[PDB]
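Form deposited in one PDB entry, single chain, as C-alpha cells, below.
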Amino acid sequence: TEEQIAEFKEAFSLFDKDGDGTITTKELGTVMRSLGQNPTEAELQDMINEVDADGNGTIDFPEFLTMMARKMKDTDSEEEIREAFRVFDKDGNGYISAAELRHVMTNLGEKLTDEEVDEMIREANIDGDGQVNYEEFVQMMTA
C-alpha cells in the first residue's frame, strides 16, 4: 500500500496546483482545460460535490484517494466485460449475431440449435435489430 499511496499522491499533485493540500473548482478547471475540455463553473461544482465527503467545498487527499479506489474497481470491470464482448464479436463489427454466439457457445461446451440461440438474442435485444451490441451486452452481463 505504501507504494500505492505514493502513486495516488502523484495523481493528486497534478490537480493540486498550489500544493495547499486541496483541490478547488478552479484547479480542477485548469486540468480539464489542459485536457481540451472547458467545463462551466456549474459543471465543475458538480464534479467537486460528488467527491467532497465533508462538504467544506474542496477535495483533500483522503477524499480523492477514496473516490479513486472505488472507481479503479469499476474500470477493471468494464474492461473484463469489454473483453468478453470482443471474443464474442468474431467479426469485430460491433455486433454479436446468432451465428457468432452459437460458434462461441459451442467452444464453451454447449451445442445449441439456431432456435435456442435466437431466444438468447431476443431476450437481450432492445433496439430490435436481432443482434446484441455492447450496450445490450453489458445490461445482459451485469443486469
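Sequential numbering from 1, following the sequence displayed.
Unshown form deposited with a partner chain bound; subsequent notes refer to it.
When contacts are judged by a 4.5 Å heavy atom cut-off, residue 83 counts as touching the partner chain in the deposited bound form. When contacts are judged by a 4.5 Å heavy atom cut-off, residue 76 counts as touching the partner chain in the deposited bound form. Among heavy atoms of residue 56, none comes within 4.5 Å of the partner chain in the deposited bound form.
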